[PDB]
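Q: Chains as they are written, first to last, in PDB author numbering: chain E, 0 to 101; chain D, 0 to 101.
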Ligand code: NI
Ligand code: NI
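(1) Helix, strand or coil for residue 12 of chain E, going by three-state DSSP, please let me know.
(2) Short of 7 Å in beta carbon distance, which residues of its chain neighbour residue 29 of chain E, apart from the five on each side in sequence? Order them along the chain.
(3) Which residue's Cα is closest to the Cα of residue 31 of chain D: D/84, D/52, D/60, D/44?
(4) Starting from residue 49 of chain E, trace the beta strand (DSSP E) in both directions and tell me its first and last residue.
(5) Under a three-way DSSP split, which group does residue 61 of chain E fall into?
(6) Of all residues in the structure, which have a C-beta closer than 7 Å to any heavy atom of ligand 1, taken in chain order?
(7) Please identify, using Cβ separations under 7 Å, the residues of the segment 50 to 69 of chain E that lie next to chain D, in order along the chain.
(8) Taking a contact to mean a Cβ-Cβ separation below 9 Å, would you say residue 76 of chain E touches residue 8 of chain D in this structure?
(9) Classify residue 2 of chain D as helix, strand or coil using the three-state DSSP reduction.
(10) Just to confirm the assignment, what range does the beta strand (DSSP E) spanning residue 100 of chain E have?
(11) Rank D/87, D/56, D/58 by C-alpha distance to the C-alpha of residue 67 of chain D and give the top, closest one.
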């Protein structure tokens with residue numbers, strides 16, 4: 000049945016504990032919805048050809064930009080415009096969802 | 000500055016009470032993230048050329064299909080494949096997010 004394809008975020012987060020390792024949970028056209036557990040600092044990087052979306056599901060995420068840091072709480076999102084250098088970070092474990100093209 | 004671009008779902012949902020009237024809260028490439036308040040039944044329809052994502056933020060949503068029904072709670076999502084007829088319904092007010100091409 001179609002109900003089996005209803006995705007529960009909490010159920011999906013329970014399946015892995017590894018950090019900085021996105022899990023694809025759904026596809027929409029040529030885009031993917033990915034769950035990630037993060038802690039500590041990522042690296043400075045950019046996506047030259049696409050905007051990237053961060054939705055915080057649980058915890059507190061920071062994203063460093065060249066002149067400022069932004070803070071995202073649970074129930075908040077941000078669109079990183081294409082070509083913009085950034086470095087995601089989390090003081091404690093943070094549960095996020097990323098949406099971007101395949 | 001850039002913190003002004005952080006989107007809080009509760010803050011956006013509090014800006015309107017009108018039902019079945021999606022409000023665009025963000026854009027990712029040629030896609031839109033839209034918030035909607037729904038209650039009662041919609042109509043049977045399809046999107047021939049695109050998948051459509053529903054994410055329930057608060058309440059309970061039912062989506063009727065021609066052969067079966069699914070139920071989504073807060074913290075759950077479903078991808079309606081392109082060309083598939085469906086009719087969203089909510090017994091009580093339900094807060095949702097829809098993601099699809101502009
Ligand atoms: Ni990135
Ligand atoms: Ni629809």
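For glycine and all other residues, C-beta sits at the position ideal for the given N, C-alpha and C.
A: Well, looking at it:
(1) helix
(2) 100, 101
(3) D/52
(4) It is not in any beta strand (DSSP E) - residue 49 of chain E carries neither H nor E in the DSSP assignment.
(5) strand
(6) E/44, E/46, E/51, E/79, E/85, E/87
(7) 50, 52, 64, 67, 69
(8) yes
(9) helix
(10) 86 to 100
(11) D/87
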